[PDB]
Structure formats: C-alpha cells, structure tokens
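A.B. asks: got an experimental structure here, sequence first:
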Amino acid sequence: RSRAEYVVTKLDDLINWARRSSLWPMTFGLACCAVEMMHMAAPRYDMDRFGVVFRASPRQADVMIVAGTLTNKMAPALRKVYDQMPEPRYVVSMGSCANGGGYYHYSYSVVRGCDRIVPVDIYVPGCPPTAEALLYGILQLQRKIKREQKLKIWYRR
Amino acid sequence: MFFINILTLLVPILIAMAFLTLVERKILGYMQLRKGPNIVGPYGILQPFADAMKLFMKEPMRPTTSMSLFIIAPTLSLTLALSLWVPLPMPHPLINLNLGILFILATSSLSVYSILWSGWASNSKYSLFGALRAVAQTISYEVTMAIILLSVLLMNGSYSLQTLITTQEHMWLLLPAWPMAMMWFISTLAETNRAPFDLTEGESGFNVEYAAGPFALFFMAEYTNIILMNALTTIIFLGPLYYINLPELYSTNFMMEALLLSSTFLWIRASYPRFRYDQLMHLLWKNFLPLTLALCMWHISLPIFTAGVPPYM
Amino acid sequence: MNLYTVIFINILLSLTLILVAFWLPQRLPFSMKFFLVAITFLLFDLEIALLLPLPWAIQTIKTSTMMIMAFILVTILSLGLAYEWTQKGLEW
Amino acid sequence: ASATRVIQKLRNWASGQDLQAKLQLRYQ
Amino acid sequence: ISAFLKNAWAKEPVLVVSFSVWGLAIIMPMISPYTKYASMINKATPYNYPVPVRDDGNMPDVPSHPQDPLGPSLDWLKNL
Amino acid sequence: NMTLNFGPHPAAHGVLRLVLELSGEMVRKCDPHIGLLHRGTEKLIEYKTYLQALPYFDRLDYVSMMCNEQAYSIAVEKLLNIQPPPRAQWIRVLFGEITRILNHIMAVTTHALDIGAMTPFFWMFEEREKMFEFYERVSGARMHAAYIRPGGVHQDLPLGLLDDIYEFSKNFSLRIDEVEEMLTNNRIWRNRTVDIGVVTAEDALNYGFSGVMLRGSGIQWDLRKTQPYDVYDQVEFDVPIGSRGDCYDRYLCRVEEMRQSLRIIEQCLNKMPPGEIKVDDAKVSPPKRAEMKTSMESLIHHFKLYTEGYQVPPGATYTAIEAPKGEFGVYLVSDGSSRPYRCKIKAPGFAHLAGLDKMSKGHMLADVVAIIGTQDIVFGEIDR
Amino acid sequence: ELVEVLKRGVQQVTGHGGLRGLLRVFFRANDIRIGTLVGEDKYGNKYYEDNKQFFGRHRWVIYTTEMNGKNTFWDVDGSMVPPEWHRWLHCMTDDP
Amino acid sequence: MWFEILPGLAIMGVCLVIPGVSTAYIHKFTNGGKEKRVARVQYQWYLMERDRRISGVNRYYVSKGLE
Amino acid sequence: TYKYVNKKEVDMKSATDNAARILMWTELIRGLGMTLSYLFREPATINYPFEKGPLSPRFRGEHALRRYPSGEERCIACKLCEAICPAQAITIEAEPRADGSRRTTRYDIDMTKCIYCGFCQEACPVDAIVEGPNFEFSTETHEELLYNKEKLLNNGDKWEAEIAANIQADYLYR
Ligand SMILES: CCCCCCCCCCCCCCCCCC(=O)OC[C@H](COP(=O)(O)OCCN)OC(=O)CCCCCCCCCCCCCCCCC
Ligand SMILES: COC1=C(OC)C(=O)C(CC=C(C)C)=C(C)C1=O
Ligand code: SF4
Ligand code: SF4
C-alpha cells in the first residue's frame, strides 16, 4: 500500500519495536528492592534475555527503575539523574516504598512516592516486588511502548 | 569494480561487527548460566540491529559541551578502525602497502586522540580525568606493542603484511616468538580497552557524556577494532595455511582463527577482575618492557648468527 | 588514489552516521607522573623511530656494525629505563 | 544435564571436579 | 649469590629472563658457526647490475659466458 | 585535592555521597555522607506495637533479612523473660545461617562486580535464588519474611523443606569452590585486594568495628561463641580468624564462614527436635486459629494480641547477635506499654563506614571501591 | 551420541505441526520443545509439562490468539493464564 | 544449551570470509584472469608498464612467443 | 574453636614452579577453564511468560476479600485487620446493613502503602482478607493501585478457587 497512513504506521511500529526490544535500564538501587532486581539480572530470570542490559549509565539509559525509599535528601538527585537521560526516557517505580511511601510513608524524611519527583510510567507493587513481578512490569512497559504512535500523530498534526 | 571491493571489506565487516556484540552477550551469558538475548528475532540475530535503531533515535543529548570535538571524536574512532581494515591481507589485501604494518601501527596510534578529545570535550571535572587514563595507557602499551612488531618484522624481512604469508608457509610464527605472542595478545587486550585492561570506563570515562549516535560510533569502532587486532594476531603470529591455487582456505582459516581469538577476549572479560590503573602500567613498564626490549635484541641476533637474515622483498 | 577512494568512503560512512544521529531524533595536574610517563613515551617513541630502519639495515653488508650499533641503542635506552626504576620514577 | 558424555568430560576436565554430582539443574 | 638468583627466579621472574636473553643475544653472535655467513649471504645477493670490465688482458675474470669456471661462487650458499 | 563528590549511581548501595578530595588519582581524605536512606525506622517504631514493628527489622539490613529479626526477637523475649520453644530455636539457627550464606554471597559477589569480575555474581545469585525459595516456602515472602517473631517462629516448616535445605547444602559447597577457582588465587584479585585497607587489631577494637573486620585483623571474637544466643551453643563451628588483615584476608574469612555455616546448617537438619514453634503463653504468642475459633479464652487472647499488644514489662536491654555483617544490637527501652519507647538499632556498618577514612588513606580511586566492598555496607542499617 | 542429539532436534522441529506451526511457536516463545498436553483451558491456552526438564522449565503454557478477543498472538501477557491453572503453572499444586 | 551461540557466530564468520574471497576474485576478474601483479620495487613496475606498452592497453594482456 | 584462613624453602623445583606460575600465567588459565566448563552447562533461566518461577501456598502476593460459599462476603468489619496493619494501609468504616448484620461500607487497601507483611491474613477471625497468589498486578496509574471493596471483592471472586486451595493446604500449619 502507498496511502501514507499505511506507510507511516508501519514506520512507527519499527521505531517502537527498536525501543521496546532494547531497553537499557539504570538502577538507582535505593533500599532493598534493588536486591530483588539483581535477581532479575541473575540467571533464573535473565533480564538480558529480553534485551534489558544488566547495567547502564544515565546517558545511555532508556528506563530508570526506582527501587527503594526515595528519601528527602536523595530526592534532588533522583531528579537530576532523570533529567540527565535522553529524550525517549521512562520510569518504572518498583516497591511499595517508591510507588507510594510504603511502611515509611508517614516518616519525615521519606518522599511519599517517586511520582512526586519523577513522572512514573509503570508502578510495580510489593514490598520486595517479586523479580518475576518486576519482569512483568518491564514487559508491560514494553506493551506501553508498542502502543505509542508518535509519527502518526505527527502526520495527523 | 574497485568500489564493489570497498563495499565488500566494509559492509561485510560492519555486519560481522554487529554479530560480535550478540556473540558477546551470549557467550558471556552461557558462561554465567543464562541464555543471553534470544527473544528478539530468532536466537537473538535481530538483537544487534534493534538497539542500533534505539541508540540513533534517542536524543544526542549534546549535553552542553564543545560541539565540534564531540563530533570529531566518534567520527575519528570509527574512521581509523574501519580504515585499518583496508590493508589487512586476508588472502590478497585490498590496497597493498609496502610499509603496511607501519600503517596499522600509525593508524592505531591516532585513536588515542579520540579518547583525549572526547574527555576534554565533555565538560566534567571527572570525565576529563577518565580520558587521561585511556590516553596514558594507550601510548604506554603502544611502546611495547611497537617493539613486539619490530621483533617480528626483523624475522619477516619487511613491513608489508603480505610477506608473512610467505614467511609462514611452513610454520606459524607462534612456535618461534611465542613469548611475544602472549605479549602481543595482552597488549591487544589493552589497546582495545577490553576487560583485564579496561580501567577506563570501568566507572570513575569518555562515553560518560556520550549517548545515542556518538556513543554508537565509538562503540562500533571498539568492536571493529576488537576484531582487527585479533585478525592481526591471526596473520602475524597464527599464519593461516596459504595455497596459491585456492585463496579462500587462507580466508576460511583466517575466519576460524580470528573468531576463536575474538572469542578469547570475550572469554577473558567474563573470567577476570579488572586490573588497577597503576597495576596496569606496572605490568607494561616493569613486567613486559624489559622482556620485550631484551627479546627485541634476541631477534636481531637470532637472524645474524643463525645465518638466517630474512630476504628483503 | 586507490587508497584515497577507500578513505573518503570511510569518512563519509562515519560523518553519515553522526549526522543521522543528530538529524533523526527530531583542574588538578597532580600527576606529573602522568607527565613523566608521557615524557618517557616519546623518548621510547623516538627510540623506536631509530629502531624502525633495522629491517632494511639487516641486509647491510657490514652486519657486525649493524648489530653493534643496534645492541648499544637498545642497551642504553634500557639503562634509561633502569634509572627510571631506581629513583622514585615509574612508581607513579 | 543431557551432557551426552563428551560435553560432560570437557566440562569435568575444564572445571577439574565432577559437576555431574552437584548439578545446576534441580530435578525431582 | 645463589639466593640472589633463586628468589629472583621465584619472585621477579621477568627481569631474570629479561637479562638472560639480553646476554644470550650478546654471545651467540660472537660464538657461532654461521655468523660469518650473514655478511656474505647478504653481500652476495645481487641487487645492482654487475658492470663488466674491459679485457686489457691477463685477467682471471670470467670472460664471456658467466658460466666460466672462474670467479666467485655461492655454492657456500647452496648446500648451506 | 579537588572534591569529586564521587558517588550517587556509583558502586555503593545507591547512596554514598562520598565526597572526596583527590590529588590526581590519590585520595587525601574521604568524608562519607550518610542519610541518603534515612527513613525514620527508629521513630516510626515508637508509634507501633511490638509485633507491627517486627517487619521494620527485616528492612533495616535486608540482605540479611532474618538474622536481624532474631535480634529484635531475642530482645523482646528478654524483656518478657520468655524464651522460645526448642524447635523454634533450631529453626532460627537454621534460617539464621542460611541467611549468613545469603549475605556472604551478596558481599563476595557484589565486591567482585565493583572490582570488575561479573561471572561470580551470576553463578551464586542462582544459588541465592534457590535459597530465597526456602524463605518463601517457609514464610511466604522471598525476602522480608517476618517469620522470626518475638516468641519463636510464626509457623512450622512446611512438610518437606528440611529435605531440600539438604539437597542444596549438599551441593552448595562445590559452588563456593568454583568461585574460588575464579577469585581466591586469581593473579589479579589478589593484587587489587591484598594489602588494601589493612586495619590494626587495636584500631579495629577502638573504632568499634565488631565483625569480620575485627576477626580479619586476628582478634578472636564471635558473639556466637563468646555469648551464645538461641542454640548456637549446641552446634560446633570454627570461627575463621585471619592474619595480615587486608581486603583479601577478610574475604577469605567470609568464604570460610560460608563454609562453616554449611557445617552448622547440616547439624541443624540432623538434630532439630519435634515440638512447637511458638511459646505456649497466649499472653505473648498468638493463639492457634483452630483454638481461637473454638475457645473463648483464645479469641480474647487473639483479639487483644493483634489489636493492642504484648504489654512488655518496663525495662531496657541491649541484645546483640552476630548478624552476617557484624554485631547487630537493639537497645529497646520499654515502658509497660504495648508499643516500645526507644529502639536504637546498632548497625554493624555505622562503625565500619566511619573507618573508611582511617582505612583508605593515600589510596587510589579504585582502592576506595574495593574498601566499601570489604565492609559489606548496606545503607539501610547505617541510615536507619 | 550427538547424532541422537540431532534426531532429538529434528523431532522437536517436526513436533510443532508443520513448518508454519513451529515458525509460529518459534516467533512468540523463541524456544522449541515437545511435551505432553496436560490441558487446554476455556480461554484459549495450551499447557504442557515435561518431567525430564529442570524444575524451572518443566511446566510451560503456550498462550493463544484472542483469549478475550485482544489480538494476544504477539503481546503475550502473564495475567492471561486463568486463576485455576495459575497455581499449576507456578508449581503451587502438583495436581493439574 | 551452548548450541545457540553458533547462530550469531555463523553470521560473523560468513561476514569475515566474504571479504577475503571477495577481494581475491575481484582482483582475478579485474586483472584478466591473473592475480593483480604487485609492483613493490621500480623494476616490477617497469616490466608492468613495459608490458602495457607492449600490447593493447592493459598489462594482463600478455603477448607470447607468437609475436 | 578458631581457624587461620591465611596464616603462613626456596628450591629450584619450588622456584622454577613459582616462576612458571608468574611467567606463563598458569593460574589465570585455570580460571578460564572454569568458565568454559559452565558454557557447556544447561542455562537455568525460565521463559518468563511461558514458564513461571515456583511459588508455594503461603506466597502473599495480592490482597483479596473472600466470600462465604453461599455468597455473603466474609468480612464482618471487626476492623482489627486495620488495627494490626503496620503501614496504616487498610481503611475501614462500617454501618449495620439493613439485614441488621454488620458489614463494611468502605474497605480500602492502599497497596502502595501496603508492604505485604501478611499479618492481615493472620489477624482476620473470619479470614475474610487473604493474601492471594497473584503477584502480577502492575498498573499504569497510581490511582489503580489504591483498591476499594469492589476491586478486592472482584479480586476475591476471580482467584477464590486457588485461594481456597492455598488456604486448604496451609491451615493445619496455622
Ligand atoms: C633460547 C631461548 C630464547 C628465548 C627465551 C624465552 C624464555 C621463555 C619465555 C620467557 C617469557 C615467557 C612469558 C612471556 C609473557 C609473560 C610475561 C609476564 O611476566 O607477564 C606479566 C604478568 C606477570 O604477573 P604479575 O604477578 O602481575 O607479575 C609478577 C612479577 N611482577 O602476567 C600477567 O599479568 C598476565 C595478565 C593477563 C590478563 C589476560 C590473560 C589472558 C590469558 C589467556 C590468553 C593467553 C595468551 C593467548 C595467546 C594466543 C596466541 C596469540
Ligand atoms: C555492593 O553494592 C551495590 C548494591 O548493593 C548490592 C546495588 O544495589 C547497586 C545498584 C546496582 C544494581 C544492578 C541494583 C550497586 C551499583 C552497588 O555497588
Ligand atoms: S518497598 Fe519493601 S522492599 Fe522495596 S524498599 Fe520499601 S521496603 Fe525495601
Ligand atoms: S479482619 Fe477480616 S473480617 Fe475483621 S475486618 Fe479486617 S477483614 Fe473484615
């Protein structure tokens, strides 16, 4: 087909496939939910298998997984690093301590959620969110990206 | 034709360059009890193309920093590495140069700048220092790297890489000169900033501020080099059998030896912790340079008193 | 020329990639050791340059003088190294 | 498992001990 | 002195080998049944045309066909 | 000495604003910053009842999830002058040790990842994984179990766990052996680790190191042998003391306690008694659900225990165990109320970090990375 | 030895119906293996268990297209498996 | 098993033999069926160009005893 | 009982042995052999969507509110599940239903606040609130994670068959 609509959608998809197949994460590793992510990186549940690299610096990172309490002192940093990433960037909040406040919600030093400091795309629940659950959450980010249609909106704009 | 012969010798290497990252992310995997990337495409074959497209699409942040240099550094890194494949004598070379190994030594030396330029270009008190590590080690390892070749040449008779195919028609230059092979292999590991010798960028260099397209170009460069240096080991020390009647068994064995030695630095990476910055220079200036300079003299003496001075040409 | 053709394709391929990259996504000098190393490097480099003619010089009719010369050069530089290893040099 | 008796021997020779006795694959 | 060489061979086992080679390369040339050949084998290799001299007379130079039994020979190079 | 504010994502557990002044590649002074993970754990506990503050202890240093719980347990049991039942004690030592392995696999393999060796982590994280599964099949959670409660364990082991904690133990050794063939004698591990961060014996006691860090310097102190807690007295193990204390020696010590813990686990499986897993005082331990659903005194005791609490007698105690990192102690001051008054958690780690300054002196940037590893710093315990 | 290894690979490829059938399994899972079919649930799903494989991979479910009309052939989701068969897949209960 | 690292390698190998076979047949087809002569020293060029001047306008064309 | 982890003649045989170790990197080659060995071992990873990591009956996972077979929801609003929740997650307000029985008008578990301790599972007398097996409930928006009575009751109805099997397996233990 040559209708430019079918010409575009297809192109967008390719773009989405590339970003969704290779997501390079970065793990601030606040707290413990970091241990449950290292497990994902580990052999039972290989993250790489999916195209997720075990480690990445902020410049080269597609997704930031905030694992653990985002305390008030670390809150300015989180932002900095979120602000130091590329134009196509995403945030997967991991842990009840970062989805909301978690056990430490009423504390004076804990931000009640990272979505008060960085926009969050997928919220993975559980105190130590199971590694399979993170993997489920990373896979749902992949379905979120697949649906994104950036060029078709350009074309229809 | 010559143009076609430029596509071949380039694309083919670029496509192979992409498949090395994949065979790195799987061989490291199986060594660490994990499948590695197999879900995108079949058995992960489409995996290298996928992040290439993700890398180019993401914003070349160009943080900000001196721009021109930020764009000369990756261009130089890819240009020199792909350029050094121009003279490799896989069977017949493409551009046969009478002083070929000096071309390879000189072109490698120029890549140290890209590290220096990228480090200065990012405006980071810390990144700037990171480039220093690589630039210093590169020239350092270059000093033994060059002397090790001079020992070789004196037993080959010329600087042209094409002569070694005639020097190694009866035995690999590993049998003789094995002591330097090892020292060429370790130096090849340093100059490609691979693991045992990858302090640079271990944490603490010249990719710090580099993302998307610039990241990719050096990136591509490193891996192409990873191959090229391994290929130079597979011509200078492991001489593939050459039959003038059928030139491809030379390239077939060149293919096999290059892949195995390329596999070896992948295997080295997973197997060893990274050396300390001074530990690294302690090796070259203390452990290797005295060995190399002395074995250099032995290779000016072996020819003369064994009446084996090599035939020029 | 033949080489020129290859090289310009080489630069073109790299300049093409950087462009695509940009167009598609629409002070302490404490280590004088650092400096020291680098001084050594050229002294060694320059030395290499003196050793680089040895492949042509092997075929020199003299031979005795060749080796006598080459051995002296390698030995005197190595002693330079040796003295780098006697004081607090090369110990960063 | 499924060593085939040759990959297992390369495994045993390279490791220097018998992994067959203490495998990474848990079984019933 | 034995220790100066037995621990220096156990620890520091590079400089020992390094020096040893330095020397062995400084000796073999002096003592060898072939060292002399290098200056000959390379001397013989004919690179520049051998210009012929006028035959004033009474000379041992190979006249005519170079194959004449007179002159220099490289049978030493052959069967070397 | 240009401050590099070296730190946050660095090579620490997320938070180390390790601000440092470095003349080129030499470290002149290290002033670690802390509190990037302060969360209020000590103040929050004052507003919670004893049983609802048990989950906080698992989060204090969560690599060592349970061993921490044992310290609060012991502390609350002392204040009540109640002691667990015999089977529960062995359990706590069984899962106490399994947890030590889990911590050491974390400490040794994460140490290497920062050094640059990455294959040991994947090798042993698979073994870790297998252990987590024990936790899950005993507690319900992979980590953060809440299994060791103030009066014993929560629920008896599933019918079949012991057998599997055997198969694993029977093999884990080889897995430690492998790591060894990769790092103990690597021609390169030794260099980056040997003679780095040597700590004298007198200085280690002075800065309150109290852990492998002391044991590595040759001081012989294992709170598990000196002051036995639970039934660690009935087992027989050898403390792995070290000499020429340095990063390499202490490491060897941590690999050796992984080995000694397998000796303690074996015994616990061989000699765990038949019995109950929680004190029979409905006053302290919640009544069994069949009982609370058929007996009035049990419902009343279930209702009051869950809604109000233990009501510990007024007093204060400092009880210290030998958590994998080092001495983990809870100073729990308590009024007669059901909710505590103070609960300072002594973290093996607040003392160790402080030593970073006196350990990493005249050292390169890479040395600092090696020393943070040899202290097993989990910022949860330090920040609390 | 390896020839029997090769025959096992051939049977796995022939096992998934035709060339097109294995291509379908190949693309969505990236793993080819043959197992007895324990059950097919009413939402389209097929479950297979092999005793020989290690504990992690001996039970697998091959998801089906449109189990609630969602075009699920490519966007496979963990939640698609029904609650009854969830515990069998996670090894919570041995019984199918 | 480790079987799978082979796919990727195959595509590397195949992409490292092409170049060596390609350069060594685009020479034997752009030099009249004969290896491309290697002019390393002035004399090899002379005979190379002398030959050009000998016949046709290309060196591979080699006039024989029948000339 | 203590042990010395690292507490410690020069013979040609010995030295030559030691020098070879430094010169030809013998121990380094030993390390390479170990990794080559595993390269040949079967990888332990599981196809995540197709094969799932095993979780036994006590796995806490995601909250659900059960109902009596008859169909009457089990919760009778005693509200001690609220009392023992460590995170203050569960909010319950109740009033007598017209039937005269006691039921919760609003039961809200804030899952982002919840730290999945499993005490609520423990505390309930009628065992109305249970830790359900599902762990995969990741949500695009924060509001979805907050759960009211209708989501939990719906969660309870969906997973009741497995929840009943899980409680069946572990109740003797409790
Ligand atoms: C008449 C006879 C005349 C000739 C006489 C010859 C005498 C026998 C030969 C003598 C020299 C043999 C060895 C030469 C190479 C080794 C030189 C050396 O000493 O290595 C340096 C270093 C030493 O280790 P370290 O403990 O740091 O130093 C102790 C002393 N300070 O070692 C290292 O740190 C190595 C670190 C390596 C990291 C990567 C390891 C990769 C291993 C696998 C690849 C091995 C090479 C494969 C080569 C393939 C073919 C090219
Ligand atoms: C030993 O310390 C470290 C951690 O704790 C184990 C981390 O979580 C992290 C975070 C990294 C991941 C992959 C969670 C880093 C970098 C680290 O150095
Ligand atoms: S959520 Fe549970 S696990 Fe994740 S950080 Fe907060 S407490 Fe630690
Ligand atoms: S305890 Fe069980 S019953 Fe009582 S309120 Fe909480 S949920 Fe409803």
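C.D. replies: Okay, I see it. Residues are numbered from 1 along each chain as shown, chains lettered A, B, ... in the order given. Ligands and ions are numbered 1, 2, ... in the order given.
A.B. asks: how much space separates residue E:2 from residue F:256?
C.D. replies: Residue E:2 is 38 Å from residue F:256, where distance means CB to CB, to the nearest Å. Every residue, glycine included, has its C-beta placed from N, CA and C.
A.B. asks: the two - which one has more neighbours?
C.D. replies: Under the criterion of other CB atoms under 10 Å in any protein chain shown, the comparison of residue E:2 against residue F:256 puts residue F:256 first, with 23 against 8.
A.B. asks: tell me who's in contact with the closest residue to that one other than its chain neighbours.
C.D. replies: Closest residue to residue F:256 apart from its sequence neighbours, by CB to CB, 6 or more residues apart in numbering or on different chains: residue F:240 at 3.4 Å. By CB atoms under 8 Å, 6 or more residues apart in numbering or on different chains, the contact list for residue F:240 reads F:215, F:252-253, F:256-257, F:259-260, I:2-3, I:5.
A.B. asks: next one: residue F:293
C.D. replies: Per CB under 8 Å, 6+ apart, neighbours of residue F:293: F:299, I:125.
A.B. asks: got phi/psi on the residue in the stretch 251-384 of chain F positioned nearest to ligand 3?
C.D. replies: Closest approach of the stretch 251-384 of chain F to ligand 3 (CB to the nearest ligand atom) occurs at residue F:380, with a separation of 7.6 Å. Phi and psi for residue F:380, reported as degrees, to the nearest 10, are phi -60, psi -50.
A.B. asks: does the one residue sitting closest to the centre of chain E belong to a helix or a strand, and which?
C.D. replies: Chain E has residue E:38 as the residue nearest its centroid, 1.8 Å off, counting by CA atoms, centre = their mean. Residue E:38 is part of helix E:35-44, with elements assigned from DSSP states H and E.
A.B. asks: and that helix, what other elements does it pack with?
C.D. replies: Counting contacts by 3 or more CB pairs under 8 Å, 6 or more residues apart in numbering or on different chains; DSSP states H and E, helix E:35-44 is packed against helix B:289-305.
A.B. asks: in terms of secondary structure, what does the helix it packs on contact?
C.D. replies: helix B:125-154, helix B:178-191, helix C:54-58, helix C:64-84, helix E:15-27, helix E:35-44.
A.B. asks: is chain C contacted by the second one?
C.D. replies: What that stands for is helix B:178-191. No: if you take CB under 8 Å from any CB of the partner chain as the test, helix B:178-191 misses chain C, and the best it gets is 14.0 Å.
A.B. asks: ok, and what's touching that helix?
C.D. replies: Outside helix B:178-191, the residues within contact range by CB under 8 Å, 6+ apart are B:108, B:137-138, B:141-142, B:144-145, B:148-149, B:151-152, B:173-174, B:195-197, B:225, B:229-230, B:232-233, B:236-237, B:261, B:264-265, B:268, B:280, B:283-284, B:288, B:291-292, B:295, I:24-25.
A.B. asks: is any residue of that helix near ligand 1?
C.D. replies: Yes: using CB under 6 Å from any ligand atom, we find that helix B:178-191 touches ligand 1 at B:179, B:181-183, B:185-186, B:189.
A.B. asks: over to the residue nearest in space to the middle of chain G. Which of the three states is it?
C.D. replies: Centroid-nearest residue in chain G, with CA atoms, centre = their mean: residue G:62, separated by 3.5 Å. Judged by DSSP: H, G, I helix; E, B strand; the rest coil, the three-state class of residue G:62 is strand.
A.B. asks: please name the bridge partners of it.
C.D. replies: Residues in a beta bridge with residue G:62, per DSSP bridges, are residue G:46.
A.B. asks: so which bits of the stretch 1-150 of chain F are right by ligand 2?
C.D. replies: With CB under 6 Å from any ligand atom as the criterion, the stretch 1-150 of chain F meets ligand 2 at residues F:9, F:11-14, F:110, F:114.
A.B. asks: Throw the residues you listed into a markdown table and include distance to residue F:312, thanks.
C.D. replies: Output for those, formatted as a markdown table (distance: CB to CB, whole Å):
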| residue | distance to residue F:312 |
| --- | --- |
| F:9 | 42 |
| F:11 | 42 |
| F:12 | 37 |
| F:13 | 33 |
| F:14 | 35 |
| F:110 | 37 |
| F:114 | 42 |
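A.B. asks: now do the helices in chain A.
C.D. replies: A:4-21, A:33-41, A:47-50, A:75-83, A:96-99, A:131-147, A:150-155 (DSSP state H).
A.B. asks: now the longest one and helix A:131-147, what's the angle there?
C.D. replies: Going back to what we said before, that points to helix A:4-21. When axes from the mean of the first three to the mean of the last three CA atoms, to 10 degrees is applied, the directions of helix A:4-21 and helix A:131-147 differ by 160 degrees.
A.B. asks: where's helix A:4-21 relative to the chain centroid, distance-wise?
C.D. replies: How far helix A:4-21 lies from its chain's middle: 21 Å, per CA atoms, centre = their mean, to the nearest Å.
A.B. asks: what's that helix in contact with?
C.D. replies: Helix A:4-21 is contacted by residues A:1, A:51, A:62, A:88, A:142, A:145-146, A:148-152, A:155, B:40, B:46-47, B:50-51, B:53-54, B:57 when judged by CB under 8 Å, 6+ apart.
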